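What follows is a single structure, written as structure tokens, with notes after it.
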Amino acid sequence: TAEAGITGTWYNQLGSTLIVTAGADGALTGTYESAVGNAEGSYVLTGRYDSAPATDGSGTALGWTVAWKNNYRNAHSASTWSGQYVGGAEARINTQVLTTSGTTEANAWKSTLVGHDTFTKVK
């Protein structure tokens, strides 16, 4: 469904790679490899998607998180992508992304970045 459409490899506009499996009951699981930031190698990704989307031409809502810790790096931060999958010949996952770093309370006002990421099936 959107299950078949979402499962697989996606590439963002910055050169990052998402490899994700969409489970039949709403789970997203896989890995992320970032082309930017204090990051190297792959990181675990987990999220959710609407496993019964509308059929009226609407996208399929989804989101996921990556905490930026693996065996090679820990940036003490985590990003969440919120967006929708749009299927078909030019499939895309269009997202907004929040990246929060751990901070002191005094620096909490500057703890969270906002950005946007568009993923496509080809590099």
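Residues are referred to by chain and number: the chain letter is A, B, ... according to the order shown in the structure tokens, the number counts from 1 in that chain, and ligands are numbered separately from 1 in the order shown.
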Exercise. Can you tell me, as JSON, numbers by chain, what residues are no more than 10 Å from residue 47 in chain A when counting only C-alpha atoms, ignoring any on the same chain fewer than 3 positions away?
Worked result: {"A": [20, 22, 26, 27, 28, 29, 30, 62, 63, 64, 65, 66, 80, 81, 82]}
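The smallest atom-to-atom distance between residue 77 in chain A and any of A:51, A:100, A:34, A:9, using only C-alpha atoms, is found for A:100.
Remark: for residue 73 in chain A, the closest of the candidate residues A:38, A:55, A:46, A:112 is A:38 (distances computed over only C-alpha atoms).
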Seminar exercise, completed: Using only C-alpha atoms, the shortest atom-to-atom distance to residue 69 in chain A among A:41, A:53, A:83, A:115 belongs to A:41
Problem set entry | Spatial neighbours of residue 111 in chain A, max dist 7 Å, only C-alpha atoms, sep filter under 4 positions, as a list in words | residues 100, 101, 102, 103 and 107 of chain A
Selection export as a CSV table (one decimal), in the first residue's frame, atoms kept: N, CA, C and O atoms:
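Final output, saved to selection.csv:
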chain,number,residue,atom,x,y,z
A,100,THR,N,17.0,18.7,17.8
A,100,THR,CA,17.3,19.3,19.2
A,100,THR,C,18.6,18.7,19.7
A,100,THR,O,18.8,17.5,19.7
A,101,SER,N,19.4,19.6,20.2
A,101,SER,CA,20.7,19.2,20.9
A,101,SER,C,20.5,19.4,22.4
A,101,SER,O,19.7,20.3,22.9
A,102,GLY,N,21.1,18.5,23.2
A,102,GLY,CA,21.1,18.7,24.6
A,102,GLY,C,21.8,20.0,25.0
A,102,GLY,O,22.9,20.2,24.5
A,103,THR,N,21.2,20.8,25.9
A,103,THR,CA,21.8,22.0,26.3
A,103,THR,C,21.5,22.3,27.8
A,103,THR,O,20.7,21.6,28.4
A,107,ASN,N,20.8,27.7,27.8
A,107,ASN,CA,21.0,27.7,26.3
A,107,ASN,C,19.8,27.0,25.6
A,107,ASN,O,19.9,26.8,24.4
Seminar exercise, completed: Between A:13, A:60, A:118, A:42, smallest distance to residue 1 in chain A by only C-alpha atoms belongs to A:60
For this session: Provide the CA of residue 17 in chain A to CA of residue 88 in chain A distance in Å, to one decimal place.
Result: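 One can read the CA of residue 17 in chain A to CA of residue 88 in chain A distance as 19.8 Å.
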If you run DSSP on this backbone, which residues of range 2-53 of chain A come out as strand (DSSP E), and could you give them as a CSV table (one decimal) with N, CA and C atoms, in the first residue's frame?
chain,number,residue,atom,x,y,z
A,8,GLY,N,12.1,0.9,1.3
A,8,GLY,CA,13.2,1.0,0.4
A,8,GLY,C,14.1,2.2,0.8
A,9,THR,N,14.9,2.5,-0.2
A,9,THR,CA,16.0,3.5,-0.1
A,9,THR,C,15.5,4.9,-0.7
A,10,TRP,N,15.8,6.0,0.1
A,10,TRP,CA,15.5,7.3,-0.4
A,10,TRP,C,16.7,8.2,-0.2
A,11,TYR,N,16.8,9.3,-1.0
A,11,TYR,CA,17.9,10.1,-0.9
A,11,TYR,C,17.4,11.6,-0.7
A,17,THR,N,21.2,9.3,2.9
A,17,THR,CA,20.4,8.1,2.5
A,17,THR,C,19.6,7.6,3.6
A,18,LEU,N,18.3,7.4,3.3
A,18,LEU,CA,17.3,6.8,4.3
A,18,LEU,C,17.1,5.4,3.8
A,19,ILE,N,17.2,4.4,4.6
A,19,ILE,CA,16.9,3.0,4.2
A,19,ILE,C,15.8,2.6,5.2
A,20,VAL,N,14.6,2.4,4.7
A,20,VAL,CA,13.5,2.2,5.6
A,20,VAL,C,12.6,1.1,5.2
A,21,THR,N,12.0,0.4,6.3
A,21,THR,CA,11.0,-0.7,6.1
A,21,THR,C,9.7,-0.2,6.7
A,22,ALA,N,8.6,-0.2,6.0
A,22,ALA,CA,7.3,0.2,6.4
A,22,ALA,C,6.6,-1.1,6.8
A,27,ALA,N,4.6,0.6,11.5
A,27,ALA,CA,6.0,0.9,12.0
A,27,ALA,C,6.9,1.4,10.8
A,28,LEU,N,7.8,2.3,11.1
A,28,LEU,CA,8.9,2.5,10.2
A,28,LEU,C,10.2,2.1,11.0
A,29,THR,N,11.1,1.4,10.3
A,29,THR,CA,12.3,1.0,11.0
A,29,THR,C,13.4,1.0,9.9
A,30,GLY,N,14.7,1.3,10.3
A,30,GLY,CA,15.7,1.3,9.3
A,30,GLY,C,16.9,2.0,9.8
A,31,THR,N,17.6,2.7,8.8
A,31,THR,CA,18.8,3.5,9.2
A,31,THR,C,18.8,4.8,8.4
A,32,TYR,N,19.6,5.7,8.9
A,32,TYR,CA,19.8,6.9,8.2
A,32,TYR,C,21.4,7.1,8.1
A,33,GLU,N,21.8,7.6,7.0
A,33,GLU,CA,23.2,8.0,6.9
A,33,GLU,C,23.2,9.5,6.4
A,43,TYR,N,22.9,5.5,11.4
A,43,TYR,CA,22.3,5.6,12.6
A,43,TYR,C,20.9,4.9,12.6
A,44,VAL,N,20.5,4.4,13.7
A,44,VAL,CA,19.1,3.8,13.8
A,44,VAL,C,18.0,4.8,13.6
A,45,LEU,N,17.0,4.4,12.9
A,45,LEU,CA,15.8,5.2,12.6
A,45,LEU,C,14.6,4.4,13.0
A,46,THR,N,13.7,5.1,13.7
A,46,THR,CA,12.4,4.5,14.0
A,46,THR,C,11.3,5.5,13.9
A,47,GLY,N,10.1,5.1,13.4
A,47,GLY,CA,9.0,6.0,13.3
A,47,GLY,C,7.7,5.3,13.0
A,48,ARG,N,6.7,6.1,12.5
A,48,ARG,CA,5.4,5.6,12.3
A,48,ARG,C,4.8,6.2,11.0
A,49,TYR,N,3.9,5.5,10.4
A,49,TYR,CA,3.2,6.1,9.2
A,49,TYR,C,1.7,5.7,9.3
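Each of A:76, A:117, A:85, A:54 was checked against residue 4 in chain A using only C-alpha atoms; the smallest atom-to-atom distance is that of A:85.
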Exercise. So how far away is CA of residue 40 in chain A from CA of residue 70 in chain A, in Å?
Worked result: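 Pair CA of residue 70 in chain A / CA of residue 40 in chain A returns 8.4 Å.
Counting only C-alpha atoms and comparing A:67, A:52, A:108, A:93, the residue that lies closest to residue 7 in chain A is A:93.
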